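As structure tokens, one chain now follows by itself in the form deposited in one PDB entry.
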């Protein structure tokens, strides 16, 4: 039975993300729901934490007006991370795909969009779930 060990809430402009660390008898993993839904192993969650730091850095150094991308393939899942910008402002979009195993053949590629203002809070929340629970 998958039982959540912790929830986390991050408010950014008028959007909300929940970071739930869950564990079924397979192991421990992270879920990230918007106001779609990513699922990450803790090991992959570490890579995100660090990549978020890369993104934060780049955003702080932009100054006034993709800007930056990362490409991650881990355990049958592929993650695209694009720091972009548009009329209303800068954001980080994260798309999760199945590129192998059960679930291939799609209708369900997952996506979340974080406003850039909240990357630091979102990274800080992730970091502490890693901190507490480890890999």
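Residue numbers count along the first chain shown, from 1. Only the largest set of C-alpha atoms that superpose within 1.5 Å between the two forms is called the rigid core. Residues that one form lacks are left out of the comparison.
The same protein has a further form, the form deposited in another entry, not shown here; the description that follows concerns it.
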Note yes or no: does the Cα of residue 94 move by 2 Å or more between the shown form and the other one after the core is superposed? no
If you line up the core, does residue 49 shift 2 angstroms or more at its C-alpha between the shown form and the other one? no
Once you overlay the rigid core, does the Cα of residue 83 travel 2 Å or further between the shown form and the other one? yes
Since the Cα-Cα distance for residue 84 and residue 50 shifts by 3 angstroms or more in the other form, is it a contraction (closer) or an expansion (farther)? closer
Cα separation of residue 43 and residue 77 in the other form versus here, shift of 3 Å or more: farther
Listed in sequence order, the shifted stretches between the shown form and the other one (at least 3 consecutive residues, every Cα moved by 2 Å or more, rigid core superposed) come to 59-65, 69-89, 98-100, 103-109
